[PDB]
file data-v8.cif (mmCIF, N, CA and C atoms)
data_query
#
loop_
_atom_site.group_PDB
_atom_site.id
_atom_site.type_symbol
_atom_site.label_atom_id
_atom_site.label_comp_id
_atom_site.auth_asym_id
_atom_site.auth_seq_id
_atom_site.Cartn_x
_atom_site.Cartn_y
_atom_site.Cartn_z
ATOM 1 N N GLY A 149 137.940 93.934 99.215
ATOM 2 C CA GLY A 149 138.416 92.962 100.197
ATOM 3 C C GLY A 149 138.213 93.487 101.596
ATOM 4 N N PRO A 150 137.579 92.729 102.515
ATOM 5 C CA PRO A 150 137.351 93.194 103.868
ATOM 6 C C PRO A 150 138.577 93.071 104.765
ATOM 7 N N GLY A 151 138.462 93.619 105.927
ATOM 8 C CA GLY A 151 139.547 93.681 106.858
ATOM 9 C C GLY A 151 139.626 95.066 107.411
ATOM 10 N N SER A 152 139.539 96.017 106.529
ATOM 11 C CA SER A 152 139.530 97.408 106.892
ATOM 12 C C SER A 152 138.339 98.113 106.242
ATOM 13 N N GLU A 153 137.299 97.352 105.945
ATOM 14 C CA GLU A 153 136.091 97.932 105.408
ATOM 15 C C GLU A 153 135.265 98.491 106.547
ATOM 16 N N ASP A 154 135.349 97.800 107.672
ATOM 17 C CA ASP A 154 134.804 98.198 108.983
ATOM 18 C C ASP A 154 133.289 98.283 108.985
ATOM 19 N N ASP A 155 132.776 99.385 108.523
ATOM 20 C CA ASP A 155 131.350 99.615 108.483
ATOM 21 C C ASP A 155 130.957 100.064 107.087
ATOM 22 N N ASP A 156 131.903 99.999 106.158
ATOM 23 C CA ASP A 156 131.627 100.470 104.808
ATOM 24 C C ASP A 156 130.622 99.580 104.151
ATOM 25 N N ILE A 157 130.783 98.312 104.378
ATOM 26 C CA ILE A 157 129.942 97.309 103.781
ATOM 27 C C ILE A 157 128.865 96.869 104.755
ATOM 28 N N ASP A 158 127.627 97.117 104.402
ATOM 29 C CA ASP A 158 126.513 96.601 105.179
ATOM 30 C C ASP A 158 126.203 95.217 104.664
ATOM 31 N N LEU A 159 125.944 94.301 105.573
ATOM 32 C CA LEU A 159 125.722 92.900 105.253
ATOM 33 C C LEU A 159 124.533 92.678 104.305
ATOM 34 N N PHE A 160 123.426 93.349 104.544
ATOM 35 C CA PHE A 160 122.236 93.115 103.732
ATOM 36 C C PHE A 160 121.974 94.227 102.734
ATOM 37 N N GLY A 161 122.441 95.407 103.030
ATOM 38 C CA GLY A 161 122.228 96.516 102.147
ATOM 39 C C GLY A 161 123.504 97.246 101.846
ATOM 40 N N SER A 162 124.348 96.626 101.046
ATOM 41 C CA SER A 162 125.600 97.223 100.639
ATOM 42 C C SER A 162 125.302 98.448 99.761
ATOM 43 N N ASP A 163 125.586 99.622 100.314
ATOM 44 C CA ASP A 163 125.248 100.954 99.772
ATOM 45 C C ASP A 163 123.755 101.213 99.943
ATOM 46 N N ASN A 164 122.935 100.286 99.415
ATOM 47 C CA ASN A 164 121.440 100.271 99.514
ATOM 48 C C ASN A 164 120.807 101.332 98.614
ATOM 49 N N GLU A 165 121.446 102.447 98.500
ATOM 50 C CA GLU A 165 120.984 103.520 97.662
ATOM 51 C C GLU A 165 121.296 103.217 96.208
ATOM 52 N N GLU A 166 122.281 102.357 95.980
ATOM 53 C CA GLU A 166 122.588 101.906 94.642
ATOM 54 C C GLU A 166 121.464 100.999 94.154
ATOM 55 N N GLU A 167 120.838 100.326 95.115
ATOM 56 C CA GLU A 167 119.753 99.412 94.869
ATOM 57 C C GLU A 167 118.422 100.168 94.771
ATOM 58 N N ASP A 168 118.518 101.496 94.690
ATOM 59 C CA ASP A 168 117.364 102.399 94.444
ATOM 60 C C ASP A 168 116.584 101.915 93.237
ATOM 61 N N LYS A 169 117.325 101.317 92.301
ATOM 62 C CA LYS A 169 116.779 100.648 91.134
ATOM 63 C C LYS A 169 115.647 99.689 91.523
ATOM 64 N N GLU A 170 115.927 98.745 92.401
ATOM 65 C CA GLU A 170 114.947 97.771 92.789
ATOM 66 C C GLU A 170 114.081 98.243 93.897
ATOM 67 N N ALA A 171 114.555 99.220 94.649
ATOM 68 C CA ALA A 171 113.731 99.848 95.647
ATOM 69 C C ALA A 171 112.502 100.384 94.947
ATOM 70 N N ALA A 172 112.733 101.179 93.920
ATOM 71 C CA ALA A 172 111.678 101.732 93.122
ATOM 72 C C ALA A 172 110.993 100.657 92.285
ATOM 73 N N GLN A 173 111.768 99.901 91.492
ATOM 74 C CA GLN A 173 111.212 98.902 90.580
ATOM 75 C C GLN A 173 110.342 97.869 91.229
ATOM 76 N N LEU A 174 110.875 97.104 92.176
ATOM 77 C CA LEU A 174 110.071 96.065 92.849
ATOM 78 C C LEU A 174 108.813 96.662 93.443
ATOM 79 N N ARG A 175 108.990 97.771 94.114
ATOM 80 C CA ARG A 175 107.898 98.558 94.680
ATOM 81 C C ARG A 175 106.821 98.911 93.630
ATOM 82 N N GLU A 176 107.246 99.489 92.530
ATOM 83 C CA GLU A 176 106.329 100.000 91.546
ATOM 84 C C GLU A 176 105.771 98.902 90.632
ATOM 85 N N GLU A 177 106.613 97.989 90.205
ATOM 86 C CA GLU A 177 106.193 96.952 89.279
ATOM 87 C C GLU A 177 105.272 95.958 89.950
ATOM 88 N N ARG A 178 105.501 95.698 91.217
ATOM 89 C CA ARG A 178 104.650 94.773 91.914
ATOM 90 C C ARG A 178 103.321 95.401 92.296
ATOM 91 N N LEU A 179 103.273 96.733 92.389
ATOM 92 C CA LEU A 179 101.996 97.377 92.637
ATOM 93 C C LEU A 179 101.156 97.380 91.360
ATOM 94 N N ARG A 180 101.834 97.330 90.189
ATOM 95 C CA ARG A 180 101.139 97.269 88.885
ATOM 96 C C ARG A 180 100.336 95.987 88.839
ATOM 97 N N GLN A 181 101.036 94.887 89.148
ATOM 98 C CA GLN A 181 100.470 93.534 89.188
ATOM 99 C C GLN A 181 99.222 93.498 90.044
ATOM 100 N N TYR A 182 99.353 94.038 91.232
ATOM 101 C CA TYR A 182 98.279 94.073 92.189
ATOM 102 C C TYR A 182 97.122 94.932 91.676
ATOM 103 N N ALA A 183 97.418 96.166 91.312
ATOM 104 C CA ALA A 183 96.404 97.129 90.889
ATOM 105 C C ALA A 183 95.567 96.637 89.711
ATOM 106 N N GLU A 184 96.225 96.189 88.653
ATOM 107 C CA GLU A 184 95.523 95.760 87.451
ATOM 108 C C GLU A 184 94.601 94.601 87.716
ATOM 109 N N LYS A 185 95.189 93.548 88.204
ATOM 110 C CA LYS A 185 94.530 92.287 88.262
ATOM 111 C C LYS A 185 93.608 92.177 89.460
ATOM 112 N N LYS A 186 93.966 92.790 90.571
ATOM 113 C CA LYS A 186 93.112 92.725 91.759
ATOM 114 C C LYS A 186 91.940 93.686 91.663
ATOM 115 N N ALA A 187 91.936 94.534 90.642
ATOM 116 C CA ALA A 187 90.778 95.371 90.386
ATOM 117 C C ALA A 187 89.835 94.675 89.402
ATOM 118 N N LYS A 188 90.224 93.503 88.953
ATOM 119 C CA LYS A 188 89.404 92.730 88.031
ATOM 120 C C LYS A 188 89.025 91.391 88.620
ATOM 121 N N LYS A 189 89.968 90.765 89.258
ATOM 122 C CA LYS A 189 89.729 89.531 89.954
ATOM 123 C C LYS A 189 89.181 89.912 91.316
ATOM 124 N N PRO A 190 88.210 89.182 91.854
ATOM 125 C CA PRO A 190 87.679 89.474 93.176
ATOM 126 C C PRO A 190 88.694 89.128 94.279
ATOM 127 N N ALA A 191 89.584 90.095 94.565
ATOM 128 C CA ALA A 191 90.667 90.002 95.573
ATOM 129 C C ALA A 191 91.777 89.018 95.156
ATOM 130 N N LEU A 192 91.399 87.807 94.899
ATOM 131 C CA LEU A 192 92.307 86.759 94.539
ATOM 132 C C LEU A 192 92.492 86.762 93.041
#
call {"tool": "encode", "arguments": {"input": "data-v8.cif", "output": "structure tokens"}}
result
Amino acid sequence: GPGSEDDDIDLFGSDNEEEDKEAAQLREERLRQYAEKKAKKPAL
């Protein structure tokens, strides 16, 4: 509950390091998509 959270809670990145999961995942999984298919399809 806010009121005395002050700066504990960041609006867009609450902790953010907890989201290391998607920091890494989105980063890595989306590069897979790009690497595989864009090395076979001509750019598009």
call {"tool": "atom_distance", "arguments": {"input": "data-v8.cif", "atom1": "CA of residue 160 (chain A)", "atom2": "CA of residue 174 (chain A)"}}
result
16.6 Å
call {"tool": "atom_distance", "arguments": {"input": "data-v8.cif", "atom1": "CA of residue 173 (chain A)", "atom2": "CA of residue 187 (chain A)"}}
result
20.7 Å
call {"tool": "select_by_dssp", "arguments": {"input": "data-v8.cif", "residues": "chain A", "states": "helix (DSSP H, G or I)", "output": "ChimeraX atom specification"}}
result
/A:168-186
call {"tool": "write_last_selection", "arguments": {"input": "data-v8.cif", "atoms": "N, CA and C atoms", "output": "PDB file, in the frame of the given file"}}
result
ATOM      1  N   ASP A 168     118.518 101.496  94.690  1.00  0.00           N
ATOM      2  CA  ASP A 168     117.364 102.399  94.444  1.00  0.00           C
ATOM      3  C   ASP A 168     116.584 101.915  93.237  1.00  0.00           C
ATOM      4  N   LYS A 169     117.325 101.317  92.301  1.00  0.00           N
ATOM      5  CA  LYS A 169     116.779 100.648  91.134  1.00  0.00           C
ATOM      6  C   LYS A 169     115.647  99.689  91.523  1.00  0.00           C
ATOM      7  N   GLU A 170     115.927  98.745  92.401  1.00  0.00           N
ATOM      8  CA  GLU A 170     114.947  97.771  92.789  1.00  0.00           C
ATOM      9  C   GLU A 170     114.081  98.243  93.897  1.00  0.00           C
ATOM     10  N   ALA A 171     114.555  99.220  94.649  1.00  0.00           N
ATOM     11  CA  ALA A 171     113.731  99.848  95.647  1.00  0.00           C
ATOM     12  C   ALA A 171     112.502 100.384  94.947  1.00  0.00           C
ATOM     13  N   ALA A 172     112.733 101.179  93.920  1.00  0.00           N
ATOM     14  CA  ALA A 172     111.678 101.732  93.122  1.00  0.00           C
ATOM     15  C   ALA A 172     110.993 100.657  92.285  1.00  0.00           C
ATOM     16  N   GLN A 173     111.768  99.901  91.492  1.00  0.00           N
ATOM     17  CA  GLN A 173     111.212  98.902  90.580  1.00  0.00           C
ATOM     18  C   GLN A 173     110.342  97.869  91.229  1.00  0.00           C
ATOM     19  N   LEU A 174     110.875  97.104  92.176  1.00  0.00           N
ATOM     20  CA  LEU A 174     110.071  96.065  92.849  1.00  0.00           C
ATOM     21  C   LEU A 174     108.813  96.662  93.443  1.00  0.00           C
ATOM     22  N   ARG A 175     108.990  97.771  94.114  1.00  0.00           N
ATOM     23  CA  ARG A 175     107.898  98.558  94.680  1.00  0.00           C
ATOM     24  C   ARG A 175     106.821  98.911  93.630  1.00  0.00           C
ATOM     25  N   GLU A 176     107.246  99.489  92.530  1.00  0.00           N
ATOM     26  CA  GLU A 176     106.329 100.000  91.546  1.00  0.00           C
ATOM     27  C   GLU A 176     105.771  98.902  90.632  1.00  0.00           C
ATOM     28  N   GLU A 177     106.613  97.989  90.205  1.00  0.00           N
ATOM     29  CA  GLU A 177     106.193  96.952  89.279  1.00  0.00           C
ATOM     30  C   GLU A 177     105.272  95.958  89.950  1.00  0.00           C
ATOM     31  N   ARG A 178     105.501  95.698  91.217  1.00  0.00           N
ATOM     32  CA  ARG A 178     104.650  94.773  91.914  1.00  0.00           C
ATOM     33  C   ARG A 178     103.321  95.401  92.296  1.00  0.00           C
ATOM     34  N   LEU A 179     103.273  96.733  92.389  1.00  0.00           N
ATOM     35  CA  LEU A 179     101.996  97.377  92.637  1.00  0.00           C
ATOM     36  C   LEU A 179     101.156  97.380  91.360  1.00  0.00           C
ATOM     37  N   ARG A 180     101.834  97.330  90.189  1.00  0.00           N
ATOM     38  CA  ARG A 180     101.139  97.269  88.885  1.00  0.00           C
ATOM     39  C   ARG A 180     100.336  95.987  88.839  1.00  0.00           C
ATOM     40  N   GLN A 181     101.036  94.887  89.148  1.00  0.00           N
ATOM     41  CA  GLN A 181     100.470  93.534  89.188  1.00  0.00           C
ATOM     42  C   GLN A 181      99.222  93.498  90.044  1.00  0.00           C
ATOM     43  N   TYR A 182      99.353  94.038  91.232  1.00  0.00           N
ATOM     44  CA  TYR A 182      98.279  94.073  92.189  1.00  0.00           C
ATOM     45  C   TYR A 182      97.122  94.932  91.676  1.00  0.00           C
ATOM     46  N   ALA A 183      97.418  96.166  91.312  1.00  0.00           N
ATOM     47  CA  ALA A 183      96.404  97.129  90.889  1.00  0.00           C
ATOM     48  C   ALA A 183      95.567  96.637  89.711  1.00  0.00           C
ATOM     49  N   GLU A 184      96.225  96.189  88.653  1.00  0.00           N
ATOM     50  CA  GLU A 184      95.523  95.760  87.451  1.00  0.00           C
ATOM     51  C   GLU A 184      94.601  94.601  87.716  1.00  0.00           C
ATOM     52  N   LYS A 185      95.189  93.548  88.204  1.00  0.00           N
ATOM     53  CA  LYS A 185      94.530  92.287  88.262  1.00  0.00           C
ATOM     54  C   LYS A 185      93.608  92.177  89.460  1.00  0.00           C
ATOM     55  N   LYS A 186      93.966  92.790  90.571  1.00  0.00           N
ATOM     56  CA  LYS A 186      93.112  92.725  91.759  1.00  0.00           C
ATOM     57  C   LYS A 186      91.940  93.686  91.663  1.00  0.00           C
TER      58      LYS A 186
END
call {"tool": "atom_distance", "arguments": {"input": "data-v8.cif", "atom1": "CA of residue 150 (chain A)", "atom2": "atom N of residue 168 (chain A)"}}
result
22.5 Å
call {"tool": "decode", "arguments": {"input": "data-v8.cif", "residues": "region 151-181 of chain A", "atoms": "N, CA, C and O atoms", "output": "PDB file, in the first residue's frame"}}
result
ATOM      1  N   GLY A 151       1.848   5.461   0.170  1.00  0.00           N
ATOM      2  CA  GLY A 151       1.674   6.483   1.156  1.00  0.00           C
ATOM      3  C   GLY A 151       2.996   6.763   1.794  1.00  0.00           C
ATOM      4  O   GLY A 151       3.401   7.902   1.958  1.00  0.00           O
ATOM      5  N   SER A 152       3.677   5.710   2.136  1.00  0.00           N
ATOM      6  CA  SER A 152       4.996   5.794   2.700  1.00  0.00           C
ATOM      7  C   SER A 152       5.956   4.886   1.930  1.00  0.00           C
ATOM      8  O   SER A 152       6.980   4.449   2.450  1.00  0.00           O
ATOM      9  N   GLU A 153       5.633   4.623   0.676  1.00  0.00           N
ATOM     10  CA  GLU A 153       6.514   3.846  -0.164  1.00  0.00           C
ATOM     11  C   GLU A 153       7.598   4.752  -0.710  1.00  0.00           C
ATOM     12  O   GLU A 153       8.742   4.350  -0.872  1.00  0.00           O
ATOM     13  N   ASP A 154       7.203   5.991  -0.951  1.00  0.00           N
ATOM     14  CA  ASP A 154       8.069   7.129  -1.313  1.00  0.00           C
ATOM     15  C   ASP A 154       8.755   6.937  -2.653  1.00  0.00           C
ATOM     16  O   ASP A 154       8.268   7.406  -3.683  1.00  0.00           O
ATOM     17  N   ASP A 155       9.837   6.214  -2.645  1.00  0.00           N
ATOM     18  CA  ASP A 155      10.606   5.965  -3.843  1.00  0.00           C
ATOM     19  C   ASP A 155      10.850   4.473  -3.976  1.00  0.00           C
ATOM     20  O   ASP A 155      11.566   4.017  -4.862  1.00  0.00           O
ATOM     21  N   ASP A 156      10.204   3.690  -3.120  1.00  0.00           N
ATOM     22  CA  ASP A 156      10.430   2.252  -3.139  1.00  0.00           C
ATOM     23  C   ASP A 156       9.898   1.666  -4.407  1.00  0.00           C
ATOM     24  O   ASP A 156      10.554   0.860  -5.051  1.00  0.00           O
ATOM     25  N   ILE A 157       8.759   2.151  -4.798  1.00  0.00           N
ATOM     26  CA  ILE A 157       8.074   1.665  -5.965  1.00  0.00           C
ATOM     27  C   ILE A 157       8.336   2.573  -7.152  1.00  0.00           C
ATOM     28  O   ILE A 157       7.985   3.766  -7.126  1.00  0.00           O
ATOM     29  N   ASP A 158       8.975   2.037  -8.163  1.00  0.00           N
ATOM     30  CA  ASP A 158       9.140   2.764  -9.411  1.00  0.00           C
ATOM     31  C   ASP A 158       7.921   2.493 -10.258  1.00  0.00           C
ATOM     32  O   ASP A 158       7.445   1.345 -10.308  1.00  0.00           O
ATOM     33  N   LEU A 159       7.416   3.525 -10.899  1.00  0.00           N
ATOM     34  CA  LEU A 159       6.191   3.458 -11.680  1.00  0.00           C
ATOM     35  C   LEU A 159       6.260   2.438 -12.827  1.00  0.00           C
ATOM     36  O   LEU A 159       5.332   1.653 -13.011  1.00  0.00           O
ATOM     37  N   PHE A 160       7.355   2.413 -13.558  1.00  0.00           N
ATOM     38  CA  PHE A 160       7.445   1.528 -14.715  1.00  0.00           C
ATOM     39  C   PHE A 160       8.313   0.311 -14.462  1.00  0.00           C
ATOM     40  O   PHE A 160       8.135  -0.728 -15.108  1.00  0.00           O
ATOM     41  N   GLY A 161       9.239   0.426 -13.551  1.00  0.00           N
ATOM     42  CA  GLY A 161      10.112  -0.673 -13.258  1.00  0.00           C
ATOM     43  C   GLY A 161      10.178  -0.959 -11.786  1.00  0.00           C
ATOM     44  O   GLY A 161      11.181  -0.657 -11.135  1.00  0.00           O
ATOM     45  N   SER A 162       9.109  -1.520 -11.259  1.00  0.00           N
ATOM     46  CA  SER A 162       9.043  -1.886  -9.862  1.00  0.00           C
ATOM     47  C   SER A 162      10.054  -3.012  -9.597  1.00  0.00           C
ATOM     48  O   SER A 162       9.889  -4.140 -10.089  1.00  0.00           O
ATOM     49  N   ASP A 163      11.105  -2.667  -8.863  1.00  0.00           N
ATOM     50  CA  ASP A 163      12.301  -3.492  -8.598  1.00  0.00           C
ATOM     51  C   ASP A 163      13.171  -3.549  -9.849  1.00  0.00           C
ATOM     52  O   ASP A 163      14.353  -3.244  -9.798  1.00  0.00           O
ATOM     53  N   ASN A 164      12.561  -3.980 -10.968  1.00  0.00           N
ATOM     54  CA  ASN A 164      13.172  -4.055 -12.334  1.00  0.00           C
ATOM     55  C   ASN A 164      14.167  -5.210 -12.442  1.00  0.00           C
ATOM     56  O   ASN A 164      14.248  -5.881 -13.470  1.00  0.00           O
ATOM     57  N   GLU A 165      14.873  -5.462 -11.391  1.00  0.00           N
ATOM     58  CA  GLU A 165      15.824  -6.539 -11.340  1.00  0.00           C
ATOM     59  C   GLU A 165      15.103  -7.861 -11.146  1.00  0.00           C
ATOM     60  O   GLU A 165      15.624  -8.912 -11.480  1.00  0.00           O
ATOM     61  N   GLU A 166      13.893  -7.803 -10.606  1.00  0.00           N
ATOM     62  CA  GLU A 166      13.069  -8.983 -10.482  1.00  0.00           C
ATOM     63  C   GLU A 166      12.608  -9.415 -11.870  1.00  0.00           C
ATOM     64  O   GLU A 166      12.467 -10.601 -12.168  1.00  0.00           O
ATOM     65  N   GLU A 167      12.478  -8.422 -12.744  1.00  0.00           N
ATOM     66  CA  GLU A 167      12.049  -8.611 -14.105  1.00  0.00           C
ATOM     67  C   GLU A 167      13.234  -9.008 -14.994  1.00  0.00           C
ATOM     68  O   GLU A 167      13.131  -9.046 -16.223  1.00  0.00           O
ATOM     69  N   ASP A 168      14.355  -9.332 -14.349  1.00  0.00           N
ATOM     70  CA  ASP A 168      15.567  -9.880 -15.013  1.00  0.00           C
ATOM     71  C   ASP A 168      15.181 -11.053 -15.893  1.00  0.00           C
ATOM     72  O   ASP A 168      15.768 -11.272 -16.952  1.00  0.00           O
ATOM     73  N   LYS A 169      14.142 -11.764 -15.446  1.00  0.00           N
ATOM     74  CA  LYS A 169      13.507 -12.835 -16.192  1.00  0.00           C
ATOM     75  C   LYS A 169      13.199 -12.403 -17.631  1.00  0.00           C
ATOM     76  O   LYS A 169      13.706 -12.982 -18.563  1.00  0.00           O
ATOM     77  N   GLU A 170      12.446 -11.333 -17.795  1.00  0.00           N
ATOM     78  CA  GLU A 170      12.063 -10.881 -19.101  1.00  0.00           C
ATOM     79  C   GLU A 170      13.079  -9.993 -19.719  1.00  0.00           C
ATOM     80  O   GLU A 170      13.099  -9.854 -20.933  1.00  0.00           O
ATOM     81  N   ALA A 171      13.923  -9.395 -18.899  1.00  0.00           N
ATOM     82  CA  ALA A 171      15.035  -8.639 -19.410  1.00  0.00           C
ATOM     83  C   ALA A 171      15.850  -9.568 -20.283  1.00  0.00           C
ATOM     84  O   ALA A 171      16.018  -9.321 -21.463  1.00  0.00           O
ATOM     85  N   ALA A 172      16.232 -10.695 -19.714  1.00  0.00           N
ATOM     86  CA  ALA A 172      16.969 -11.702 -20.420  1.00  0.00           C
ATOM     87  C   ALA A 172      16.104 -12.391 -21.471  1.00  0.00           C
ATOM     88  O   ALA A 172      16.466 -12.401 -22.627  1.00  0.00           O
ATOM     89  N   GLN A 173      14.943 -12.927 -21.063  1.00  0.00           N
ATOM     90  CA  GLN A 173      14.076 -13.688 -21.962  1.00  0.00           C
ATOM     91  C   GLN A 173      13.655 -12.957 -23.202  1.00  0.00           C
ATOM     92  O   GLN A 173      13.938 -13.420 -24.281  1.00  0.00           O
ATOM     93  N   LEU A 174      12.974 -11.825 -23.062  1.00  0.00           N
ATOM     94  CA  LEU A 174      12.526 -11.062 -24.244  1.00  0.00           C
ATOM     95  C   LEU A 174      13.696 -10.746 -25.152  1.00  0.00           C
ATOM     96  O   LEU A 174      13.630 -10.952 -26.361  1.00  0.00           O
ATOM     97  N   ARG A 175      14.759 -10.285 -24.544  1.00  0.00           N
ATOM     98  CA  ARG A 175      16.024 -10.012 -25.220  1.00  0.00           C
ATOM     99  C   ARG A 175      16.536 -11.229 -26.023  1.00  0.00           C
ATOM    100  O   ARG A 175      16.802 -11.130 -27.231  1.00  0.00           O
ATOM    101  N   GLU A 176      16.632 -12.363 -25.367  1.00  0.00           N
ATOM    102  CA  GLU A 176      17.234 -13.527 -25.961  1.00  0.00           C
ATOM    103  C   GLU A 176      16.280 -14.270 -26.903  1.00  0.00           C
ATOM    104  O   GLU A 176      16.671 -14.672 -28.004  1.00  0.00           O
ATOM    105  N   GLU A 177      15.035 -14.413 -26.509  1.00  0.00           N
ATOM    106  CA  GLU A 177      14.076 -15.164 -27.301  1.00  0.00           C
ATOM    107  C   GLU A 177      13.715 -14.426 -28.571  1.00  0.00           C
ATOM    108  O   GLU A 177      13.529 -15.035 -29.627  1.00  0.00           O
ATOM    109  N   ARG A 178      13.676 -13.114 -28.505  1.00  0.00           N
ATOM    110  CA  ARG A 178      13.354 -12.356 -29.682  1.00  0.00           C
ATOM    111  C   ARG A 178      14.533 -12.260 -30.636  1.00  0.00           C
ATOM    112  O   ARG A 178      14.344 -12.078 -31.845  1.00  0.00           O
ATOM    113  N   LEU A 179      15.754 -12.432 -30.124  1.00  0.00           N
ATOM    114  CA  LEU A 179      16.896 -12.463 -31.020  1.00  0.00           C
ATOM    115  C   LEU A 179      16.951 -13.806 -31.748  1.00  0.00           C
ATOM    116  O   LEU A 179      17.477 -13.889 -32.850  1.00  0.00           O
ATOM    117  N   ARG A 180      16.371 -14.858 -31.123  1.00  0.00           N
ATOM    118  CA  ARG A 180      16.305 -16.198 -31.747  1.00  0.00           C
ATOM    119  C   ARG A 180      15.480 -16.089 -33.011  1.00  0.00           C
ATOM    120  O   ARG A 180      15.906 -16.506 -34.085  1.00  0.00           O
ATOM    121  N   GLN A 181      14.292 -15.494 -32.844  1.00  0.00           N
ATOM    122  CA  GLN A 181      13.328 -15.260 -33.925  1.00  0.00           C
ATOM    123  C   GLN A 181      13.991 -14.565 -35.095  1.00  0.00           C
ATOM    124  O   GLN A 181      13.896 -15.010 -36.247  1.00  0.00           O
TER     125      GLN A 181
END
